[PDB]
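Below is one structure, written out as structure tokens; the observations come after it.
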Ligand SMILES: NC(=O)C1=CN([C@@H]2O[C@H](COP(=O)(O)OP(=O)(O)OC[C@H]3O[C@@H](n4cnc5c(N)ncnc54)[C@H](O)[C@@H]3O)[C@@H](O)[C@H]2O)C=CC1
Ligand SMILES: Cc1cc2nc3c(=O)[nH]c(=O)nc-3n(C[C@H](O)[C@H](O)[C@H](O)COP(=O)(O)O)c2cc1C
Ligand code: SF4
Ligand code: FES
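Chains as they are written, first to last, in this note's numbering: chain Z, 1 to 430; chain F, 431 to 643; chain D, 644 to 728.
Below, the structure written as structure tokens:
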């Protein structure tokens, strides 16, 4: 298989993505959810971890770590501490609105994912750390969890398997940083959402100091479909090391901004011109695309023509796949205003723990605020580049990286527009 | 916008706060979601529960959450000043939150911020004099394909125009509660000109299930 | 810790009084500002004994090896949890 995309509706994992079917238990059981869950759980942890490792599932949260290799870190004998699957439903990334759709429209798929993943990792309970802004989605998921407790699908003797497993929902309180897994762990523990340093990875010391795996809503909700359909079925999509399907959020300057489930290595132009109705003003009106939400660097129109929407082809396009949140920016966009508003987001959403993010993201926001007006001299472009390189890899979590990278992409692909901004400032003010 | 407390006569450690008894049963249910010995993990819900009863957080709700969870009060003040939802000043009855990050800015959130400002006669951060509307300007709310959008207290109002948000403020001032949805033709997040996917009926239980299961 | 590397020989401090004109610290001690630096303890002891100075020796106090663990800030059951970070 050399061409990708054009995913059929029989291959969709997230049927009822759009809210057109019943999200409750009667609607979910007639779409395939909770089918033979007892038979999956009674095949033990090793079979489920083998199905996830065989599927080539990489972490849908945005980093793309191998999910079965990640979840096998819990597969070890206990030492008195309980074990916890913690589901990352925070989703603070600008551009990203897919986990909201999973929680709002396919909640039992997430609950069965919690059960299957927690059985795979020996977890006692599931904390679904949901965004506090998603109040309707959290009450929606709580109604589904009540339907799962009353059907005997979770809790004491889950699905008739003799495995006891609770599913808790924890609401956030308005922090983007509480999507990061250790800061999310600190936020569940009743503290400020400040990221822990690594090591200890959360499989050693996680929530309450227990063994813990934090996993995205999307990489959890696909796991019972992987265990039913087979790992080879999931691995038959996308390129190699880029297996499966993916939810995409096309937003910004397209005709039809939408969430859509697509095969992994689909071209960006095919995705936009098929599911989004194209760029406003046609494809020739395209200026730039932030491929995967705010933390990934932008790519210009010449790179968007041939690139594939998986992890490896976007790393080769010197950006990241990220959360697969495609923000489209047409030729009428002030791109420095957009990237500076993005860096303004990153300084309003930065917890303040370590020095390079706490100081340098505010200092990058001040430099970007002068760059929008042109109130600068061109030697401050390169300086800002080095400022980004002083934040990148020097911080605790990757929010410092996620604030350095849009600056780097903007400079790398749009230095002359910055320079002409500054020189027209210099000629109209001096 | 400050992160130190100054005792005013309406915000002091003798401002009357106490939970209702049904809120105490809710707090018992919250504390039972966590292991014994980690009652402090219930700081964020219970404090938010204190905001859902009182509308905001004086520094006796913080002290009550510190007292009934047996945590130090500074450990509650850190949570109350870290997280952007805990209102440490009394907001209006409808707390309008306009998202102006780049996916909502590219679909003209500035027009709707301006329309709310010229409908309410206030600007960002101010409250209307009848204490009904507090207009602030927030970051990404996770409704990016439904740009532009706002949030009012629990609800997302999506795919907005200036006329739509004027209508929403009209039927908020009339006492009614509007529908939390996209004000365009679509329903939640689908492509607007018809479905580009999922047009088939779902296959049902047992489709594609591998052998040996 | 770069000042805790070497041995020092000082002397007992003598009387410093107020100058009647300016209030300056007048002294009559010539050895008041005399600090000698030695690589080891035995060099300082040999130099004090060589010059007839009655001396006394304090031993080098190192900080003992501490046991540090960042994960110990987040224990399941121990008191060594942090309540803030
Ligand atoms: N989904 C969203 O809303 C957002 C997603 N992101 C994305 O998140 C990514 C950065 O997140 P991070 O978790 O910091 O990335 P990455 O450095 O940490 O690690 C990914 C996952 O693998 C695990 N892991 C990695 N090496 C491990 C090891 N040796 N042993 C055990 N576990 C190991 C980590 O615990 C983590 O859960 C970026 O790609 C960014 O685009 C960023 C912001 C928002
Ligand atoms: C600042 C920051 C915010 C993050 N926010 C989220 C998030 O909101 N949702 C999410 O699933 N992952 C988020 N992540 C990625 C997590 O660190 C982690 O990789 C993920 O939640 C769980 O791994 P997974 O991809 O295997 O599911 C964030 C990372 C950082 C650095
Ligand atoms: S880099 Fe920023 S987000 Fe990360 S621990 Fe430091 S202050 Fe927090
Ligand atoms: S950008 Fe406004 S909701 Fe995400």
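Note that CB positions come from ideal geometry on N, CA and C, so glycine has one too.
Worksheet item: Pick out every residue whose C-beta is nearer than 5 Å to a heavy atom of ligand 4: which are they, in chain order?
Response: 94(Z), 529(F), 531(F), 533(F), 534(F), 570(F), 571(F), 573(F) and 574(F)
Item to complete: Quick one: list the residues of chain D neighbouring residue 497(F), beta-carbon separation under 9 Å, in chain order.
Response: The premise fails here: residue 497(F) is roughly 16 Å from chain D at the closest Cβ pair, so nothing lies under 9 Å.
Discussion item. By the 9 Å beta-carbon criterion, what residues does the segment 311-329 of chain Z contribute toward chain F?
Written reply: Close to chain F, meaning a Cβ-Cβ distance shorter than 9 Å, are the following residues of the segment 311-329 of chain Z: 325, 327, 328 and 329.
Item to complete: Check whether the Cβ of residue 614(F) sits closer than 7 Å to any heavy atom of ligand 1, and report yes or no.
Response: no
Worksheet item: Run through DSSP, which three-state label would residue 385(Z) get?
Response: helix
Worksheet item: Under 7 Å from any heavy atom of ligand 2, does the C-beta of residue 106(Z) make it?
Response: no
Practice prompt. Could you name the residues that DSSP lists as bridge partners for residue 557(F)?
Written response: 564(F)
Practice prompt. Would you list, in chain order, the members of the segment 290-308 of chain Z that have their beta-carbon closer than 9 Å to a beta-carbon of chain F?
Written response: 290, 293 and 294
Worksheet item: Cβ-heavy atom distance between residue 246(Z) and ligand 1 below 7 Å?
Response: Answer for residue 246(Z): no, Cβ out of range of ligand 1.
Worksheet item: Is it the case that the CB of residue 30(Z) approaches a heavy atom of ligand 3 more closely than 7 Å?
Response: no
Worksheet entry | Chain-order list of residues whose beta-carbon lies under 8 Å from that of residue 125(Z) (same chain, five-residue window excluded) | Excluding sequence neighbours, residue 125(Z) sits near 82, 84, 85, 118, 165, 166, 167 and 168.
Item to complete: Report whether the distance from the Cβ of residue 494(F) to the nearest heavy atom of ligand 1 is below 7 Å.
Response: no
Worksheet entry | Per-residue DSSP class, three states only, for residue 154(Z) | coil
Worksheet item: Where do the N-terminal and C-terminal ends of the beta strand (DSSP E) with residue 168(Z) fall, by residue?
Response: 166-171
Item to complete: Provide the residue span of the beta strand (DSSP E) that contains residue 532(F), from first to last.
Response: Looking at the DSSP string, residue 532(F) is not in any beta strand (DSSP E); the run it does join, the alpha helix (DSSP H), is 532-535.
Discussion item. Quick check on DSSP: helix, strand or coil for residue 251(Z)?
Written reply: In the three-state DSSP reduction, residue 251(Z) falls in the strand class (E or B).
Practice prompt. Compare the C-alpha of residue 532(F) against each of 289(Z), 370(Z), 375(Z) and 418(Z) and name the closest.
Written response: 289(Z)
Practice prompt. Please work out which residues of its chain come closer than 6 Å, Cβ to Cβ, to residue 550(F), disregarding the five sequence neighbours upstream and downstream, and give them in chain order.
Written response: 558 and 563
Worksheet item: Helix, strand or coil for residue 215(Z) per DSSP?
Response: strand
Worksheet item: Would you say residue 62(Z) touches ligand 1, meaning its beta carbon is less than 7 Å from a heavy atom?
Response: yes
Practice prompt. Grab me the residues of residue 616(F)'s own chain with a C-beta within less than 6 Å of its C-beta, minus the 5 sequence neighbours each way, in chain order.
Written response: So the qualifying residues of the chain are 622.
Discussion item. Just to confirm the assignment, what range does the beta strand (DSSP E) spanning residue 661(D) have?
Written reply: 659-661
Discussion item. Ligand 3 and residue 643(F): does any heavy atom of the ligand fall closer than 7 Å to the residue's C-beta?
Written reply: no
Worksheet item: Apart from the five residues just before and just after residue 510(F), which ones in its own chain have a Cβ nearer than 8 Å to its Cβ?
Response: Around residue 510(F): 477, 487, 492, 516 and 518.
Worksheet item: Any heavy atom of ligand 3 closer than 7 Å to the CB of residue 721(D)?
Response: no
Item to complete: Any chance you could list the beta strand (DSSP E) runs of at least 3 consecutive residues sitting entirely within the segment 485-539 of chain F, in chain order?
Response: 524-529
Worksheet entry | C-alpha distance - residue 553(F) paired with residue 2(Z), whole-angstrom precision | 54 Å
Item to complete: Would you identify the three-state DSSP class for residue 581(F), choosing helix, strand or coil?
Response: strand
Worksheet item: In chain D, what lies closer than 8 Å to residue 159(Z) by C-beta?
Response: Per Cβ cutoff of 8 Å: no residues; residue 159(Z) is ~29 Å from chain D at best.
Discussion item. Determine whether the beta carbon atoms of residue 627(F) and residue 261(Z) lie at a separation below 8 Å.
Written reply: yes
Worksheet item: Is residue 70(Z) near ligand 1, judged by its Cβ being under 7 Å from some heavy atom?
Response: yes
Worksheet item: In chain order, what residues of the segment 197-231 of chain Z put their CB closer than 8 Å to some CB of chain D?
Response: 197, 199, 200, 204, 205, 208, 209 and 210
Worksheet item: Checking contacts by CB at 8 Å: is residue 233(Z) closer than that to chain F?
Response: yes
Worksheet item: If residue 434(F) and residue 473(F) are in contact, beta carbons under 8 Å, what's the gap, nearest whole angstrom?
Response: Going by Cβ atoms, the distance from residue 434(F) to residue 473(F) rounds to 20 Å, so no, they are not a contact pair.
Practice prompt. Return helix, strand or coil for residue 592(F), following the three-state DSSP convention.
Written response: The three-state secondary structure of residue 592(F), taken from DSSP, is helix.
Worksheet item: Got a sec: does ligand 1 put a non-hydrogen atom nearer than 7 Å to the Cβ of residue 323(Z)?
Response: yes
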